[PDB]
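Just the one chain here, laid out as structure tokens, in the form deposited in one PDB entry.
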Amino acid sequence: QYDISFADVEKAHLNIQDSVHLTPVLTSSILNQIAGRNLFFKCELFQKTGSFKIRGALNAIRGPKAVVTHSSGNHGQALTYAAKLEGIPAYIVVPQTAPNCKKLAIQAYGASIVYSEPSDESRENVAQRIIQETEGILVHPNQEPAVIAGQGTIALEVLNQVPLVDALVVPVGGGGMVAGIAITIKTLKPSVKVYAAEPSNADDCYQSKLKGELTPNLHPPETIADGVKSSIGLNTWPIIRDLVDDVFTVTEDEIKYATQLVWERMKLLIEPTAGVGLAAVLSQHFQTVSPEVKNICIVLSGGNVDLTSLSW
């Protein structure tokens, strides 16, 4: 047993497969050619709300005076979405350095926005400060086990969509998605590698694997990947420890290079957090992954990006 069950994943599928897009897998010949593998992009940027976070947010909501949470943007959008549908008012704690377009999008989704400082701590606290003030319930971005169940239903889709899939490269923050995916993937096929991808400026998931024990960022990460700044937690760590095959960390310049490659060559408007998976596959350290592993599916997790970035 881990915090969520295989069973909890299918019930989440059936609980959200009525308002959730079975998003496409797109491919790319020029990108297949720079990798030297056969890349398959799971396009979760096309999802309702702009990222995969509608799954866990719907499933948490289905499966209250208010609902409250902390977000850099995505969960705060997919929660406020799934809660507006049930008439429930919503409060969203969002770091002050957090993306301006993910802020404006949360208010336009109806909810009250309250600014915190950028950290797992300031967030996880200015969150319970509103809970006390509103008597609302909390829905947690990656540790709440309904939310973790919502995201494993990415993995079911990928197994059909890519019949002959060799590896799933997944961006990790709190690890809700990559853990939720490993709970699902590793049962049905264990010759399917599960690689985690993560910026070097925020390498708690790599450090934890190196150390063999939960090793969170103790300084707030400075990284262009605004959506993976969160540390992995207690529920999701065990799964990452046992079922994730490796972790690949990437520099700011690798993330920026690979996100620009998806914009320019694939014409997909991903947020830079979604370029981390590809960054990992194009890395010096990935060029030594067994040439047997050919069929790499990369999760493009979101497209909630401000149409005016540092244009860097």
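In this text, the rigid core denotes the largest set of C-alpha atoms whose superposition between the two forms falls within 1.5 Å. The first residue of the sequence shown is number 1, and the count goes up from there.
- According to the PDB entry, the deposited sequence contains 4 to 9 residues between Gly63 and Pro64 that lack coordinates.
- Mean CA B-factor, 127 to 135 versus 193 to 201: the higher value falls on 127 to 135.
- Note on 84 to 92 vs 68 to 76: mean CA B-factor is higher in 84 to 92.
- Annotation for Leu214, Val170, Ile106, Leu210: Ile106 ranks highest, by Cα B-factor.
- Taking only the listed residues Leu234, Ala98, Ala225, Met177, the entry reports the highest CA temperature factor at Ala98.
- In the deposited entry, the Cα temperature factor of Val9 places it in the highest third of its chain's modelled residues.
- Among the modelled residues of the chain, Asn15 sits in the highest third by CA temperature factor in this PDB entry.
- Among all modelled residues in this chain, the alpha-carbon of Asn59 has a temperature factor (C-alpha) in the highest third.
- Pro141 sits in the middle third of its chain by CA B factor, as recorded in the PDB entry.
- In the PDB entry, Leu188 places in the highest third of its chain by CA B-factor.
Heads up, the form deposited in another entry isn't pictured, but that's what we're talking about next.
- Among the residues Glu222, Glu213, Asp242, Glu86, the single one whose Cα moves by at least 2 Å between this form and the one not shown, once the core is superposed, is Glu86.
- A movement of the C-alpha atom of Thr187 falling short of 2 angstroms is seen between this form and the one not shown when the two forms are aligned on their rigid core.
- With the core held fixed, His70 shows a CA shift of 2 Å or greater between this form and the one not shown.
- Superposed on the core, the two forms barely differ at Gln161: its CA moves less than 2 Å between this form and the one not shown.
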